[PDB]
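**Q** Fold the following.
(chains A, B, C and D, ligands or ions: 18)
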Amino acid sequence: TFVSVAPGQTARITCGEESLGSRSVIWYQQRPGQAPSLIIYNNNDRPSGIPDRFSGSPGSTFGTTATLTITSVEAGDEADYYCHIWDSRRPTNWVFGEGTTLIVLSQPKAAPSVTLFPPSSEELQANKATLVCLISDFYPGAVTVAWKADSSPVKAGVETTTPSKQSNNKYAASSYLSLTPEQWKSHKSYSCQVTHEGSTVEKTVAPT
Amino acid sequence: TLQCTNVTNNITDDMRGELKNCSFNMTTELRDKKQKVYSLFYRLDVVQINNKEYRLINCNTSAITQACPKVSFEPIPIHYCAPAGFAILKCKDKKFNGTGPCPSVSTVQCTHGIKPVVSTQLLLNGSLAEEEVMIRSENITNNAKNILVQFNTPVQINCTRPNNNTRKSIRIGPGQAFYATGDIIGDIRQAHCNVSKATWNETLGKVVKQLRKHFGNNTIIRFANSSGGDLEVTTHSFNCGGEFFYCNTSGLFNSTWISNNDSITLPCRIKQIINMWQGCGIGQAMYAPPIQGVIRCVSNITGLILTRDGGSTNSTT
Amino acid sequence: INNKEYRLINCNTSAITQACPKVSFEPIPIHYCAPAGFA
Amino acid sequence: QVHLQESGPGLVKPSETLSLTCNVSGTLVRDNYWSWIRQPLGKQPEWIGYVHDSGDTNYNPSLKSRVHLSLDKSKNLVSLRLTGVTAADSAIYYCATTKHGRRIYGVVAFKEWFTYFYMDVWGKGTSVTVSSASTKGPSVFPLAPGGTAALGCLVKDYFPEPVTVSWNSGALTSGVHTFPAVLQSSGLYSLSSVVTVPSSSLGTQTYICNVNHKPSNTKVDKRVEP
Ligand SMILES: *[C@@H]1O[C@H](CO)[C@@H](O[C@@H]2O[C@H](CO)[C@@H](O[C@@H]3O[C@H](CO[C@H]4O[C@H](CO[C@H]5O[C@H](CO)[C@@H](O)[C@H](O)[C@@H]5O)[C@@H](O)[C@H](O[C@H]5O[C@H](CO)[C@@H](O)[C@H](O)[C@@H]5O)[C@@H]4O)[C@@H](O)[C@H](O[C@H]4O[C@H](CO)[C@@H](O)[C@H](O)[C@@H]4O[C@H]4O[C@H](CO)[C@@H](O)[C@H](O)[C@@H]4O[C@H]4O[C@H](CO)[C@@H](O)[C@H](O)[C@@H]4O)[C@@H]3O)[C@H](O)[C@H]2NC(C)=O)[C@H](O)[C@H]1NC(C)=O
Ligand SMILES: *[C@@H]1O[C@H](CO)[C@@H](O[C@@H]2O[C@H](CO)[C@@H](O[C@@H]3O[C@H](CO[C@H]4O[C@H](CO)[C@@H](O)[C@H](O)[C@@H]4O)[C@@H](O)[C@H](O[C@H]4O[C@H](CO)[C@@H](O)[C@H](O)[C@@H]4O[C@H]4O[C@H](CO)[C@@H](O)[C@H](O)[C@@H]4O)[C@@H]3O)[C@H](O)[C@H]2NC(C)=O)[C@H](O)[C@H]1NC(C)=O
Ligand SMILES: *[C@@H]1O[C@H](CO)[C@@H](O[C@@H]2O[C@H](CO)[C@@H](O[C@@H]3O[C@H](CO[C@H]4O[C@H](CO)[C@@H](O)[C@H](O)[C@@H]4O)[C@@H](O)[C@H](O[C@H]4O[C@H](CO)[C@@H](O)[C@H](O)[C@@H]4O)[C@@H]3O)[C@H](O)[C@H]2NC(C)=O)[C@H](O)[C@H]1NC(C)=O
Ligand SMILES: *[C@@H]1O[C@H](CO)[C@@H](O[C@@H]2O[C@H](CO)[C@@H](O[C@@H]3O[C@H](CO)[C@@H](O)[C@H](O[C@H]4O[C@H](CO)[C@@H](O)[C@H](O)[C@@H]4O)[C@@H]3O)[C@H](O)[C@H]2NC(C)=O)[C@H](O)[C@H]1NC(C)=O
Ligand SMILES: *[C@@H]1O[C@H](CO)[C@@H](O[C@@H]2O[C@H](CO)[C@@H](O[C@@H]3O[C@H](CO)[C@@H](O)[C@H](O)[C@@H]3O)[C@H](O)[C@H]2NC(C)=O)[C@H](O)[C@H]1NC(C)=O
Ligand SMILES: *[C@@H]1O[C@H](CO)[C@@H](O[C@@H]2O[C@H](CO)[C@@H](O)[C@H](O)[C@H]2NC(C)=O)[C@H](O)[C@H]1NC(C)=O
Ligand SMILES: *[C@@H]1O[C@H](CO)[C@@H](O[C@@H]2O[C@H](CO)[C@@H](O)[C@H](O)[C@H]2NC(C)=O)[C@H](O)[C@H]1NC(C)=O
Ligand SMILES: *[C@@H]1O[C@H](CO)[C@@H](O[C@@H]2O[C@H](CO)[C@@H](O)[C@H](O)[C@H]2NC(C)=O)[C@H](O)[C@H]1NC(C)=O
Ligand SMILES: *[C@@H]1O[C@H](CO)[C@@H](O[C@@H]2O[C@H](CO)[C@@H](O)[C@H](O)[C@H]2NC(C)=O)[C@H](O)[C@H]1NC(C)=O
Ligand SMILES: *[C@@H]1O[C@H](CO)[C@@H](O[C@@H]2O[C@H](CO)[C@@H](O)[C@H](O)[C@H]2NC(C)=O)[C@H](O)[C@H]1NC(C)=O
Ligand SMILES: *[C@@H]1O[C@H](CO)[C@@H](O[C@@H]2O[C@H](CO)[C@@H](O)[C@H](O)[C@H]2NC(C)=O)[C@H](O)[C@H]1NC(C)=O
Ligand SMILES: *[C@@H]1O[C@H](CO)[C@@H](O[C@@H]2O[C@H](CO)[C@@H](O)[C@H](O)[C@H]2NC(C)=O)[C@H](O)[C@H]1NC(C)=O
Ligand SMILES: *[C@@H]1O[C@H](CO)[C@@H](O[C@@H]2O[C@H](CO)[C@@H](O)[C@H](O)[C@H]2NC(C)=O)[C@H](O)[C@H]1NC(C)=O
Ligand SMILES: *[C@@H]1O[C@H](CO)[C@@H](O[C@@H]2O[C@H](CO)[C@@H](O)[C@H](O)[C@H]2NC(C)=O)[C@H](O)[C@H]1NC(C)=O
Ligand SMILES: *[C@@H]1O[C@H](CO)[C@@H](O)[C@H](O)[C@H]1NC(C)=O
Ligand SMILES: *[C@@H]1O[C@H](CO)[C@@H](O)[C@H](O)[C@H]1NC(C)=O
Ligand SMILES: *[C@@H]1O[C@H](CO)[C@@H](O)[C@H](O)[C@H]1NC(C)=O
Ligand SMILES: *[C@@H]1O[C@H](CO)[C@@H](O)[C@H](O)[C@H]1NC(C)=O
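**A** Numbers count the residues shown, from 1 in each chain, chains lettered A, B, ... in the order given. Ligands and ions are numbered 1, 2, ... in the order given. Take a look:
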């Protein structure tokens, strides 16, 4: 589930089944690629280090779902959010609720920083070749890579990762193209075209 | 035939399912199509018979009729009057054990407001005694004769039903309609009754000081709970907000008095199908309809109905 | 209530009893009287 | 300060016995509750179970008859065992401290309460992949490079994951961008690590990327030069 809210406002996240008795929901924050961190440890009680007004719905209402209000929403709070429901009528939940991803709107926007590396000499001596274009600092994470052999398209051999944010607005993507030592020297030059948001950045490399 | 299960709750194994989520058929307005409807009953109301299949406890003793929800069971003050040519004489003595001459008698036409409170072990909202607490008995030596105690100061008691019940309005016939207990809104909690242990302290001390006037002065007086039998006798059977409570009085009468700030809470059970007073013939049984919301009631303990054991020449106590 | 299948209009309001055919609904003259000491 | 570290093999064959250890630093294991939490890829973290001193320990009813936890007081660490593994156990296992609490809703005496636990101080976590394939050592190849410049290293052929890459034995933490691996059709992952450096580095300002792959105990120090 996804929640879109502008920065400097109030966000609201729903998690878990409907309440049946007196509950003590525990909230967790999962930063992308990190370990979950504690935010609320007793259904609207923050420990030391968590700012206000991070609030949850009181655990005395019967018949509602756990809602998490986040006032003054920032881009740094953009992360997944899980919940541990502690309902007096239900057995112990050994599985956290399905997390809710927060989307903070009006992110800067970023032209992709592409970098094309040719194959190393020690790899050519090993009868291998791999072109690598590494793409970073692009937003949002939605890019499509296309390889070219000096105006000839490359169909197969392309292995590409899926966009992946990295503790920032920076997404990451690595595109590898596997070739043989003769294929590199054959064509005049090779190009990696990254199509990002209507625009297309190309970077080329030529043999020596 | 009721196909019953436990109520939706995860608690330890030391909690017998007082409440049972039951399902059964019912006749609708028409005498053709049935009705797979569910209700919630207390364990005391039902009994298994050989998936757990039960029945109502009274199906094998007597018929049953529901108490209309329009009527109430609120004890109101009743003044009893006599007709012309008659009069009601009222003893005006402060210390009077009910039997014998009364020095200061007056007369009246109608007694004071006597609330008909139905309880068994503890008298409630009664008339306080004057000055010293009062003991009354037909034959103190006979251990088979009850000993009625009337209090001078009232002991505050608080009984509550912490369950926000729901009323299901089933249509059993073209005119009749049954009020089942729907789902519980909130926590699975038990009915209980509170007694301030300080006031109860002093009250028990003041009754034992009056007992020593009849059983010798330097003797030891012990209090134990009921012996056993029916629930109506072994528990402080009564009605409060409409539900009929049955409380365990083992924490009040477990003491021992020699010659010389919290509340005592009591586990109170509730029953809806009661058959007191034989049932008006050998047939009728009453179903106390389910009551919406949490019931809380504050009453006075104004007297006791005690009984002594037949030790004969057993002890000084 | 949902070949047309019906019910009686009152099955869903109240029970029902038939008026015996022996009794009649004929309005007869009633004179109302008061007891002694009244007029 | 409280530092938690999870450490294990990383690759376990099906129907075997996983064994993990959580190195704890800054506090004793006798004075804290310790819970283990795995999280499959794209799933919600699954609570495994908790352990404490004096024999107070509990597991997951779904994983009841397979797990065994322990505490090493002498060596000050936590221990986990999971017998008879299958493909469902592949996940990221975290070691965290646990704090207890009671919420009372009724009157206490009626046992009208329940204890709720919450983990506050997590560990960095360890990865565990269940596969019947063998471990493959990585193959390190350096990626050769006015104002600024780029320069990188490449790990092309390894299994199962992960491979920790430092620069100059950890003396370069500014401008480093490590990119996520890609699973190739042969079943071998491949990642790259770049550093943005000033063009003025004739030096030679030695750049030596240190790769370590624990499942194959492969440690390769690759010197890159234009
Ligand atoms: C017959 O006699 C018996 C004899 O016992 C009676 O039985 C009693 O009956 C009552 C109810 O009738 C029960 O009340 C419950 O009490 C518990 C416990 O409360 C006490 O303990 C709390 C915690 O103490 C522990 O933690 C603290 C640290 O927090 C620690 O320092 C301490 O050492 C200990 O380890 C105290 O916080 C609490 O203080 C509160 O009350 C004081 C009253 O004197 C007041 O002075 C304080 O300022 C403070 O306000 C007290 O000492 C309660 O937890 C419980 O209330 C919660 O749960 C119920 C049921 O779910 C719910 O309806 C309430 O709304 C309340 O839930 C709020 O509080 C939770 C805890 O903070 C929180 O998690 C919830 O989310 C919710 O709070 C949220 O919203 C509020 C909205 O303002 C907000 O403030 C919060 O920050 C949060 O956002 C019950 O009231 C008794 O337990 C029971 N037995 C005993 C032994 O007491 C019986 O009643 C008698 N018969 C009859 C008919 O009455
Ligand atoms: C020993 O002595 C004590 C002290 O008197 C006595 O306590 C009494 O307890 C009863 C039971 O709880 C109390 O009676 C109820 O009071 C509540 C609310 O209190 C008052 O609220 C308003 C003003 O706030 C008053 O106008 C009102 O009259 C109450 O006094 C009421 O909600 C109850 O009324 C309902 O039930 C009555 C009969 O049961 C109906 O006549 C009345 O119309 C109400 O019906 C409603 O109830 C349904 C929900 O329950 C609702 O769904 C229906 O639609 C309907 O609208 C009731 O009056 C009483 O106040 C306490 N004493 C005094 C002096 O007030 C002990 O009971 C006594 N010992 C024993 C064994 O009884
Ligand atoms: C005492 O025992 C009785 C036995 O009948 C219980 O009554 C049933 O309880 C269940 C749940 O415990 C109820 O089922 C719920 O129904 C909801 C309504 O959806 C249906 O109704 C609409 C029309 O209103 C239809 O159009 C629709 O297609 C559905 O058929 C559902 O939304 C609920 O879904 C939730 O729970 C299920 C549980 O499996 C999940 O799978 C869902 O994802 C979701 O979380 C649920 O299915 C049922 O309605 C109750 N009966 C009646 C007549 O209402 C009592 O609950 C029980 N009481 C206690 C206290 O234990
Ligand atoms: C759902 O119901 C289950 C019961 O099936 C319930 O789990 C139970 O939780 C209690 C926690 O209070 C467990 O009791 C523990 O037992 C161990 C020994 O086995 C004790 O050492 C523990 O001691 C604690 O409590 C003492 C007094 O309360 C303290 O003095 C001490 O310092 C400890 O804090 C503890 O009592 C019990 O074993 C489980 N039951 C099972 C079967 O595991 C669960 O809480 C319920 N959950 C919900 C949401 O309703
Ligand atoms: C529980 O018991 C107390 C007893 O103190 C009840 O309050 C008291 O009620 C009595 C009457 O039942 C009051 O006595 C009367 O007072 C008038 C005052 O003019 C007096 O003229 C009468 O002769 C009679 O003695 C008494 O004043 C009152 N106490 C206080 C402090 O107000 C209480 O109502 C009882 N609760 C119940 C039965 O639910
Ligand atoms: C009353 O309820 C019971 C179940 O609680 C129903 O029992 C069914 O009886 C028929 C008899 O022919 C069996 O074939 C079914 O297997 C029983 N179970 C069902 C249908 O779930 C019974 O039908 C109900 N009475 C009605 C609906 O009139
Ligand atoms: C009516 O039902 C009650 C309860 O179901 C019966 O009382 C029980 O009877 C059984 C067998 O006769 C005994 O084992 C139990 O000990 C009895 N219970 C108690 C509390 O004494 C009663 O016998 C039934 N009456 C009939 C069938 O005529
Ligand atoms: C009420 O108290 C009086 C006085 O204690 C009791 O009177 C006793 O009556 C018996 C026989 O009826 C005599 O043998 C005693 O001598 C009387 N006592 C005194 C002191 O003279 C009376 O029995 C008591 N009644 C009740 C019901 O307790
Ligand atoms: C017990 O449950 C009933 C269920 O109807 C509650 O009544 C509802 O309460 C909510 C919030 O308290 C109101 O918004 C609804 O309007 C109420 N229903 C009706 C029909 O009016 C009741 O409040 C619960 N008990 C308590 C003490 O809150
Ligand atoms: C019984 O109930 C009454 C009223 O519910 C209690 O009296 C009040 O209790 C509240 C909360 O406990 C106090 O804040 C008030 O000051 C009390 N007022 C008076 C006049 O007492 C009473 O204490 C309860 N007693 C017991 C033994 O449960
Ligand atoms: C009065 O107190 C006695 C002693 O605490 C209770 O006797 C116990 O009753 C339970 C329930 O039947 C038995 O399991 C125990 O074995 C009994 N103990 C002894 C020593 O006999 C008795 O139940 C209490 N009275 C009531 C009515 O609850
Ligand atoms: C009334 O109170 C007595 C005393 O607490 C209860 O007897 C207890 O019964 C349980 C079994 O459910 C035992 O575990 C306790 O040890 C008993 N108490 C004592 C002091 O021995 C009794 O069960 C309660 N209820 C009834 C109906 O008697
Ligand atoms: C009368 O009540 C007291 C109060 O609970 C009982 O005292 C308990 O005795 C047992 C002995 O088996 C102890 O383990 C408990 O700790 C005592 N409780 C308290 C609160 O002190 C006493 O047992 C009861 N009378 C009898 C004869 O059992
Ligand atoms: C009892 O039956 C009557 C008539 O069948 C119902 O009155 C009709 O109700 C329906 C639906 O509620 C409305 O669409 C009609 O407009 C009503 N008729 C008139 C003349 O107003 C009545 O609601 C039923 N009562 C129940 C089912 O409780
Ligand atoms: C009800 O609960 C008790 C204890 O929790 C259990 O032993 C029993 O089997 C349960 N019965 C049903 C029908 O669920
Ligand atoms: C009262 O108890 C005594 C005790 O011995 C007994 O003899 C007598 O028959 C009982 N009945 C009375 C006094 O009416
Ligand atoms: C209160 O009652 C208990 C029960 O026996 C007794 O031990 C205590 O002495 C009493 N309190 C006072 C002040 O007499
Ligand atoms: C008991 O002794 C007291 C004095 O301590 C005395 O007032 C009382 O009358 C005596 N009661 C008897 C002997 O029954």
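
**Q** use CA for all of it now, contacts and neighbours both
**A** Noted.

**Q** tell me which parts of chain B are close to ligand 6?
**A** B:24, B:25, B:34 (C-alpha under 6 Å from any ligand atom).

**Q** Nearest residue to the middle of chain A?
**A** Residue closest to the average C-alpha location in chain A (C-alpha atoms, centre = their mean): residue A:165, at 3.7 Å.

**Q** Tell me which residues touch that residue, please.
**A** Residues counted as contacts of residue A:165 (C-alpha atoms under 8 Å, 6 or more residues apart in numbering or on different chains) are A:32, A:141, A:171, A:172.

**Q** before we move on, the earlier item: between the residues of chain B next to ligand 6, which is nearest ligand 7?
**A** Here the nearest of the residues of chain B next to ligand 6 to ligand 7, counting by C-alpha to the nearest ligand atom, is residue B:24; it sits at 19.1 Å.

**Q** does that closest one really touch residue B:34, like I thought?
**A** No - judged on C-alpha atoms under 8 Å, residue B:24 makes no contact with residue B:34 at a distance of 9.7 Å.

**Q** for the closest residue to residue D:86 other than its chain neighbours, helix, strand, or coil?
**A** Distances taken as C-alpha to C-alpha, 6 or more residues apart in numbering or on different chains put residue D:14 closest to residue D:86, at 5.0 Å, once the chain neighbours are dropped. What DSSP: H, G, I helix; E, B strand; the rest coil gives for residue D:14 is coil.

**Q** Helices of chain A, start to end?
**A** For chain A, applying DSSP state H gives helices covering A:121-124, A:181-186.

**Q** sorry, back to before: let's see if you can find the most crowded of the contacts of residue A:165.
**A** Greatest neighbour count in these, by other C-alpha atoms under 10 Å in any protein chain shown, goes to residue A:172: 24 neighbours.

**Q** Residue 117 pairs with what?
**A** Reading this off chain A. residue A:132 (DSSP bridges).

**Q** switch to chain D, that's the one I care about
**A** residue D:100.

**Q** correct me, but it touches residue D:103?
**A** No - counting by C-alpha under 8 Å, residue D:117 stays clear of residue D:103, with 10.4 Å between them.

**Q** tell me the contacts of residue D:123?
**A** By C-alpha under 8 Å, 6+ apart, the contact list for residue D:123 reads A:35, D:3, D:4, D:5, D:6, D:94, D:95, D:96.

**Q** which residue sits closest to the fifth one in space, ignoring its chain neighbours?
**A** Same thing as residue D:6. residue D:22 (4.4 Å).

**Q** again with the first one
**A** Taking C-alpha to C-alpha, 6+ apart as the measure, residue A:35 lies nearest to residue D:124, with 6.4 Å between them; neighbours along the chain are not counted.

**Q** For the one you found, give its distance to ligand 15.
**A** 39 Å (C-alpha to the nearest ligand atom, to the nearest Å).

**Q** Tell me if that residue really is in a helix.
**A** No - under the criterion used here (three-state DSSP), residue D:124 is coil, not part of a helix.

**Q** picking up where we left off before, out of the helices of chain A, which gets nearest to ligand 3?
**A** Using C-alpha to the nearest ligand atom, the helices of chain A put helix A:121-124 closest to ligand 3, at 54.8 Å.

**Q** Report the buried residues of the closest one.
**A** Neighbour counts using 16 or more other C-alpha atoms under 10 Å in any protein chain shown place A:121, A:123 of helix A:121-124 among the buried residues.

**Q** And stretch A:82-95, by the same measure?
**A** Quick answer for stretch A:82-95 (16+ other C-alpha under 10 Å): A:82, A:83, A:84, A:85, A:86, A:87, A:88, A:89, A:94, A:95.

**Q** Narrow the residues of chain B next to ligand 6 to those in strands?
**A** Counting by DSSP state E, those place residue B:24 in strands.

**Q** re the thing from before, narrow the buried residues of stretch A:82-95 to those in strands?
**A** A:82, A:83, A:84.

**Q** Check the stretch 201-317 of chain B for the residue nearest ligand 14 and tell me.
**A** In the stretch 201-317 of chain B, the residue found nearest to ligand 14 is residue B:289; the distance is 20.4 Å by C-alpha to the nearest ligand atom.

**Q** what residues are up against the nearest residue to that residue once chain neighbours are set aside?
**A** Counting by C-alpha to C-alpha, 6+ apart, residue B:289 lies nearest to residue B:179, which is 6.0 Å off, once chain neighbours are set aside. Counting by C-alpha under 8 Å, 6+ apart, residue B:179 touches B:167, B:168, B:169, B:170, B:289, B:290.

**Q** tell me the centre residue of chain D?
**A** residue D:126 (1.9 Å).

**Q** Just to check, it is in contact with residue D:11?
**A** No - taking C-alpha under 8 Å as the definition, residue D:126 is not a contact partner of residue D:11, at 11.3 Å.

**Q** Ramachandran angles for the closest residue to ligand 15 within chain A?
**A** In chain A, no residue comes nearer to ligand 15 than residue A:91, which is 11.3 Å away by C-alpha to the nearest ligand atom. The phi/psi pair for residue A:91 (degrees, to the nearest 10) reads phi -60, psi -180.

**Q** if I pick the residue lying closest to it once chain neighbours are set aside, what's in contact with it?
**A** Leaving aside its sequence neighbours, residue A:91 sits nearest to residue B:10 (C-alpha to C-alpha, 6+ apart; 5.0 Å). Contact partners of residue B:10, counting by C-alpha under 8 Å, 6+ apart, are A:88, A:89, A:90, A:91.
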